[PDB]
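These notes concern the structure reproduced below.
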Amino acid sequence: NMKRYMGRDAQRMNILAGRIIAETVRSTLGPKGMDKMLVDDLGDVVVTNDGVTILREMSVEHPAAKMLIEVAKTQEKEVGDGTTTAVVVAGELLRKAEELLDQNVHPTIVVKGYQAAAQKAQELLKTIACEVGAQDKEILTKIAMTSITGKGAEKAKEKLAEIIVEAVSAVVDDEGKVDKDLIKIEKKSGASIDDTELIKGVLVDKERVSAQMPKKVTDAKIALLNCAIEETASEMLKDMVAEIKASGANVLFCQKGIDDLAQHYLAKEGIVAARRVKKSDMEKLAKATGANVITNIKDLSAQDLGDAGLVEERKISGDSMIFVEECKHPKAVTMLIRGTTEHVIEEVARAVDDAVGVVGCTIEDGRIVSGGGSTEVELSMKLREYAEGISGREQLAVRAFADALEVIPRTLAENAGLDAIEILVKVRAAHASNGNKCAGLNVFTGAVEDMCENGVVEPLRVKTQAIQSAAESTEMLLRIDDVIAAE
Amino acid sequence: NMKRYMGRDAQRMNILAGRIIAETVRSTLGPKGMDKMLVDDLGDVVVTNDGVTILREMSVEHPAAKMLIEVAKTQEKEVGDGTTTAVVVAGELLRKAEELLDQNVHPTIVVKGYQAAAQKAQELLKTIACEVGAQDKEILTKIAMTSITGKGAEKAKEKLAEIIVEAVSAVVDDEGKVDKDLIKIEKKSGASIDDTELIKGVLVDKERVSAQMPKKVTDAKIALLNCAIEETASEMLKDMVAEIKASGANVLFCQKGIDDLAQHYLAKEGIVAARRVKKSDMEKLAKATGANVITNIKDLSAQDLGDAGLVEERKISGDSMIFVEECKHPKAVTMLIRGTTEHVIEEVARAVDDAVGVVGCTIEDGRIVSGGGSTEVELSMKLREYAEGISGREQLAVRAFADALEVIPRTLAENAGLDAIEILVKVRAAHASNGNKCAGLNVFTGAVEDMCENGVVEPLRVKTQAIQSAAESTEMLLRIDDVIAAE
Amino acid sequence: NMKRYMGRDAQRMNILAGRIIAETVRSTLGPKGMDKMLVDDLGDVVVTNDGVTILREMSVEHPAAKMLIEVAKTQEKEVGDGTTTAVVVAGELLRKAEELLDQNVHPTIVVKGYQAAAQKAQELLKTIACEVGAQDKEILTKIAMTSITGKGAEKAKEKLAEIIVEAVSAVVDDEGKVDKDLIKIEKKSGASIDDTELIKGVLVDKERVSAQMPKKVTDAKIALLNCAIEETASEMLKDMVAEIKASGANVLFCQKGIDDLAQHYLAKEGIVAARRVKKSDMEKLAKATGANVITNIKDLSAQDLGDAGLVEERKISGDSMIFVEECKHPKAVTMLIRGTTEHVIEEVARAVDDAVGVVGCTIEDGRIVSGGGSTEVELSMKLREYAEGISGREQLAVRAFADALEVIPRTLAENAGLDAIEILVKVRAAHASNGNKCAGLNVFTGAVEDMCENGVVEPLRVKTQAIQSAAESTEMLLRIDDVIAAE
Ligand SMILES: Nc1ncnc2c1ncn2[C@@H]1O[C@H](COP(=O)(O)OP(=O)(O)O)[C@@H](O)[C@H]1O
Ligand SMILES: Nc1ncnc2c1ncn2[C@@H]1O[C@H](COP(=O)(O)OP(=O)(O)O)[C@@H](O)[C@H]1O
Ligand SMILES: Nc1ncnc2c1ncn2[C@@H]1O[C@H](COP(=O)(O)OP(=O)(O)O)[C@@H](O)[C@H]1O
Ligand SMILES: [Mg+2]
Ligand SMILES: [Mg+2]
Ligand SMILES: [Mg+2]
């Protein structure tokens, strides 16, 4: 009863189990990286280059691996991009870790020295991260463009980065954070990808409750009701219906029900209304228009109304919805994504989510670094010298940790097709205490260039979060020498 | 019907079953000790170095072993640390016990002399335990730091011991005990471990009930309602809502429901409120702010309000919670634990629980001893001489009890990789009636040092509780000669 | 249809099935006797030296044996100690009985002569039982100490016997019996066995119903309510709450519910209260404090209040309970048992139950005899001479009944390790019409001593009850010649 793995078996089991989910996403890394198509047991397909979703949505069973998935799962949570790289490095730390274990270094010494180097690399980044203005709306767009590439250069549509930057800039809650949930993302087919647009307002999946109501209003004034406009059979409802026309509202969104008598009295007045709107769609409307959620229909002031420069019922991609667009001061915004087929749309969307993360991350943080595997080769040589000022075995650990980070430049080369080993040498010479700190491999060029100038940039949060969660988890894995599997 | 084990078979069965769950945690002992990863039948993993949880959360079936798990289960209950050592010694008393049984010593003679020595070692410790001031806030931190190490030297973050000491010192109930439950422990991801912090107040997993309410208040005055703020459809609620503004409260935590009419009247007043807060979260708030749990909304005095220097709704690690931080005189406190992944966080937490135990134990007790296996080698040689002043066989027992305790120094060496046998001799010479009583093996040094000075200290409760529950249970096991297993 | 045993087969079946559950507890007899660990089908373990529980809690199926368990089950019921010896003798009467049956003595002659000797030994004991004072508090403690030994000499803690004697002396219902149920036995972990103490009052597994109430009161006055203190929403409860403050009661134990309005009015007054207390805990409190169970809250007189010199809420072993200790004139008492692990506690408890029995038995009876197998060797030689004054076969029976009783001295020797046969001769010479009647084997000494002087004493009820239930049941077994087993 029933399965147990001892010592060098249990370590090899885990270190291997780790390297394997790592090697499973190695191939998506970079712009010249490939996508995984991922059916389940229901013929349900899902195609993506996004690291974490790949990991999440596959049946991974082995307990060691279950925990590298932890790393990716919290990278996405605390950044948005760089989920693959956090997992990939975590694998490469386990790889280098067994080169020392098979040299009879004690696990606790390895994990000591890994910690030591994770510590260093954290303040070593702090210092090699350029500062940026929270509204440097030009740099914000080089960041959002560097994010979309890597999901393929061909998604890197210029006028799409711009849309995103603008749309994250809108929902900034002074001060001074970005609520990644204030940007609503909607997907509807069309003949598009290029037709994706910013809607400064809200998209509601309802329709005017009475066909007799207006199907367009401009410069409308919006009344949001958390109440339920009842009726009966004796017009107890000309009250409720004329108290709303009393505030000046030509549009009304109700979360509860609107009885059939108070549907005719609204149509009769010229007021458009929708019943049973999602509670989530009610807060979306509360914020984007500048409105107020009223529970008491009597207490409906004339300043609890929002303002949108258009409220219209359209048929878009077959379905008919209520657009509340062209708002004045949006604290909620909608990204309307569009593409010919459904999974084409769904992956453009995962790309936008990664953008909106790294953009939110720059605004929030203020510091950024240079992509292309740049600040890994930097961060790795610096770590390599810090490594000499270390007496004892734990030194080997620290060099291994330093060599580990070179896995990002390395695999970025691989997928592009280039000769990983050479390119790594060129990029390692160009960091020799002089410049560049920004010297990295351009997988299109083919040769090493200046990434800060080619516009290849990434929030600092991407490499810090990634390097520490990769450290912390592999550290714990290495401490393990016995496993106890049942069933 | 069905299975029975006789005499030397039943004893060998139990003594063996015992030594086996003992040998199952031998490997976690000390800083250079390893962790067990522990899946169940649901792919559910849990990694830990904490003795008892390891034992608890594995399907141990054999009845003998079920009872060494008793020892660990009460060690954790009455101390917090030293669960592995209580079990480990318990095993080693069973090991030495059969060396006498296989020499035809009567079980009742063994158990007589084991009792005799357990008796002695109890007053032998009393005398070799240094005194300490309940607020010797320096020593308290050497104690909380000796605890976290042993779960790996790498968790031994200096500024984490300090946080814990401070936080256990706060919740001291004059006089004069520590309620290990007054320190709330919360876990939320972040890019951290280092980001774990002390919050002098409470963390509430709720959110302002009306979006229109303030989302920050400073120097707030807090009204806790054990009542239910009802409504209907005729503002019977401007009463309830203005009776609360009557006491001066700009924040309100309600355990029951807050009707939708009395949610609008609060938002209108500037008062923040949360409905249906855990009853446990209500007592946490009662104590930490200095508030009062009121059942009658009418009897809401203006001194039943607590005081916190900030009440804010934040999004931390995705989820949005209500922080009631920076309080004045906390009789409740929150340890916010943080780490990149989840099991990384979860084990830093088990480490903090052990700290909080041994810290609470020093404050409570006032006496401490020297770790590193120090007071075991002391306690063992002293016991060995007490052993000569014993006529009869029961002497053999007492020596075996004395030799038993050397298992802690021994296995601490093992895991470190050092030569157990030698190290035991060095440490045994350094106790020869002269000094040191504090002379123990430093597993980093490699050589025997003065543990009291290296800051390796442990509440007295760790070695007294452990040595006696190890004595009491193995005493009972040895009395057993027949077993009757069914099914 | 289906199984039947005839004549010499059915007798051999039963006489054998009897001797087998007898031989199953032979090993627990005496201080140098061993314990049985006893799992069931649920991994549920239970370790004990207590005869009856061993028998009870094992799946004994055979019908003959089902009935020796009868003997043990009523020994415990009518005495408390000497459950093993009643069963043991019962077995040894069956053993001797078949030596006569295999000599063609008619069953009815055997059972005639066994009855004859059981009759004799009953009045033969009457005369050789020393008298004692119901309050000879010194002898009472030699009795309660002789009881605990035999469950191992190592439980024989001196200051434990004393506690028990005192605690049985308290609950004496003049005149003049001991209600073994007036002494409440509670078990809570601690680092103890030595920490077990007498609490002159009651332990209640509840907690102050309102956190705002006092958590200590001294010299308190206690009001026990068999009523239900209701409420509603209009303070119909300041009535009920101030009628209680009218009698002068600062503590209140309610069996039914205390509504949430009448919980705030009590907290406000300074009165501590607990709702939904066990009905059994209500009678415990009725008697120990000197209180009165009131159903009508109006009829709450100022003399229906008890008196305890402390009522406090403590956390003891994790759980928090309401101690009502240090009472004045207890007619209920609590034995707080403590020990490191749970089964360690549970068997100390079974030891206390046996003590409380034999102590209650001396007080009640007033007569006692000398243990160590002493009055068995006496009782056996006397029976042996009575045996010569018997004409007919029925004489053989009577000698066999006399030889039977020597099984107690014999097995006490066995387990100690001594040579049963010799020791039996020594002890049989020392009874040769001169002294001693008190001459028995000390299993520590190794040689035969004067048991009355060594403080080895046992209520008379132990040897009378035991010798007659052993006689009555084996008498009935022997009368059986056909069995009819189904299924
Ligand atoms: N133009 C570019 N040339 C070379 N590398 C790039 C370029 N743009 C982005 N990258 C790199 O591609 C990587 C992104 O891989 P990706 O497929 O997005 O997975 P993840 O974002 O989780 O690492 C980042 O390391 C970034 O450094
Ligand atoms: N710096 C140190 N050097 C040597 N031993 C240590 C040091 N710090 C703690 N210890 C020892 O490590 C042991 C702790 O083992 P641990 O893994 O914490 O299990 P437990 O705490 O249940 O015994 C204690 O005996 C303590 O004496
Ligand atoms: N100090 C002693 N020396 C020898 N025999 C003893 C001593 N104390 C008690 N006994 C005997 O031990 C027996 C008790 O056995 P025990 O394990 O208590 O089962 P039970 O009490 O049901 O007979 C009693 O016959 C008593 O005569
Ligand atoms: Mg990307
Ligand atoms: Mg520990
Ligand atoms: Mg007994």
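Taking (1) touching a residue at least 40 places away in the same chain (Cβ under 8 Å); (2) out of contact with any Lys or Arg (no Cβ under 8 Å at 6 or more places or on another chain); (3) away from chain C (no Cβ under 14 Å) in turn, B:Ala274 satisfies each apart from (2).
Take the conditions (1) more than 25 Å from B:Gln115 (Cα to Cα); (2) touching a residue at least 60 places away in the same chain (Cβ under 8 Å); B:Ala430 misses just one of them, which is (2).
Which one of the conditions (1) away from ligand 3 (no atom under 16 Å from the Cβ); (2) within 14 Å of chain B (Cβ to nearest Cβ); (3) of a type in the set (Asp, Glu) does C:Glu99 fail to meet, given that it meets all the rest? Result: C:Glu99 passes all but (2).
Considering only region C:434-459, how many residues are among the aliphatic types (A, V, I, L, M) and surrounded by fewer than 21 Cβ atoms within 10 Å (Cβ to Cβ)? Of the residues in that region, 1 qualify. Checking the stated criteria, C:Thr127 turns out not to satisfy the condition of being away from ligand 2 (no atom under 16 Å from the Cβ), among the polar types (S, T, N, Q) and in contact with a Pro (Cβ under 7 Å, 6 or more places away or on another chain).
Per the conditions (1) in contact (Cβ under 8 Å) with a residue 24 or more places away in the chain; (2) out of contact with any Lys or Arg (no Cβ under 8 Å at 6 or more places or on another chain), the sole criterion not satisfied by C:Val60 is (2). Filtered by the rule that a residue be more than 9 Å from chain B (Cβ to nearest Cβ) and buried (at least 23 other Cβ atoms within 10 Å of the Cβ), region A:102-117 gives A:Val110, A:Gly113, A:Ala117.
Among the listed residues B:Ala233, B:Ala242, B:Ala267, B:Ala223, identify the single one that is in contact with a helix residue (DSSP H, G or I) (Cβ under 9 Å, 6 or more places away or on another chain) and within 11 Å of chain A (Cβ to nearest Cβ). Give the steps one after another, and end with the answer.
Numbers: B:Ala242 fails: within 11 Å of chain A (Cβ to nearest Cβ); B:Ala267 fails: in contact with a helix residue (DSSP H, G or I) (Cβ under 9 Å, 6 or more places away or on another chain); B:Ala223 fails: within 11 Å of chain A (Cβ to nearest Cβ).
Sole residue among the options that is in contact with a helix residue (DSSP H, G or I) (Cβ under 9 Å, 6 or more places away or on another chain) and within 11 Å of chain A (Cβ to nearest Cβ): B:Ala233.
Just to verify a result, which residue in region B:374-411, among those that are of a type in the set (S, T, N, Q) and within 31 Å of the chain's Cα centre (by Cα), is farthest from B:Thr474 (Cα to Cα)?
Ranking the candidates gives B:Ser374 first.
B:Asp482 versus (1) closer than 30 Å to C:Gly51 by Cβ; (2) part of a loop (DSSP other than H, G, I, E, B); (3) of a type outside the set (A, V, I, L, M): which is the lone unmet condition? Status for B:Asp482: all satisfied but (2). In the set (1) closer than 25 Å to A:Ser27 by Cβ; (2) crowded, with 18+ Cβ neighbours inside 10 Å; (3) not assigned by CATH to the domain that holds A:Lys177, A:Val358 fails one condition alone, (3).
Which members of region A:74-123 meet the condition of being within 16 Å of ligand 4 (Cβ to nearest atom) and either touching a strand residue (DSSP E or B) at 6+ places or on another chain (Cβ under 8 Å) or of a type in the set (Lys, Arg) (or both)?
Taking region A:74-123 as the starting set, the residues that turn out to be within 16 Å of ligand 4 (Cβ to nearest atom) are A:75-89.
A:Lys77, A:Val79, A:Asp81, A:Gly82, listed by residue number.
Considering region A:163-189, and only residues there that are among the small types (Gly, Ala, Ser) and crowded, with 17+ Cβ neighbours inside 10 Å, the residue that is farthest from the chain's Cα centre (by Cα) turns out to be A:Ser189. Flag set for B:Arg461, criterion: within 16 Å of ligand 5 (Cβ to nearest atom) and not aromatic (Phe, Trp, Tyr).
Can you find a residue in region C:85-102 that is outside any helix (DSSP H, G or I) and within 30 Å of C:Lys177 (Cα to Cα)? Spell out how you get there, then give the answer.
Start the filter on region C:85-102 by keeping residues that are outside any helix (DSSP H, G or I), which leaves C:102.
Narrowing further to those that are within 30 Å of C:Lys177 (Cα to Cα): none.
Checked against the condition, which is being outside any helix (DSSP H, G or I) and within 30 Å of C:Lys177 (Cα to Cα), region C:85-102 yields no hits at all.
The set of residues in region B:130-167 being within 15 Å of ligand 2 (Cβ to nearest atom), among the basic types (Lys, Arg) and away from every other protein chain (no Cβ under 14 Å) consists of B:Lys142 alone.
Taking (1) within 16 Å of ligand 3 (Cβ to nearest atom); (2) touching a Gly at 6+ places or on another chain (Cβ under 7 Å); (3) closer than 28 Å to B:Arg461 by Cβ in turn, C:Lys155 satisfies each apart from (2). Mind checking whether some residue in region A:442-464 is more than 14 Å from chain B (Cβ to nearest Cβ), within 16 Å of ligand 4 (Cβ to nearest atom) and part of a strand (DSSP E or B)? Looking for residues that are more than 14 Å from chain B (Cβ to nearest Cβ), within 16 Å of ligand 4 (Cβ to nearest atom) and part of a strand (DSSP E or B), one finds at least one in region A:442-464, hence yes.
Counting just the residues of region A:259-283 that are farther than 18 Å from B:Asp260 by Cα and of a type in the set (A, V, I, L, M, F, W, C), which one comes out surrounded by the fewest Cβ atoms within 10 Å (Cβ to Cβ)? Among residues in region A:259-283 that are farther than 18 Å from B:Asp260 by Cα and of a type in the set (A, V, I, L, M, F, W, C), the one surrounded by the fewest Cβ atoms within 10 Å (Cβ to Cβ) is A:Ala267.
Flag not set for B:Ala355, criterion: touching a residue at least 60 places away in the same chain (Cβ under 8 Å) and under 30 Å from B:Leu101 (Cβ atoms).
Those helices (runs of 4 or more DSSP H) of region B:315-423 that lie entirely within it include none in which at least 2 residues are at positive phi and small (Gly, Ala, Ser).
All Cβ positions, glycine included, derive from the backbone under ideal geometry; neighbour counts span all protein chains shown. Basis: the model, the stated rules and, where named, an outside source; no laboratory read-out is quoted.
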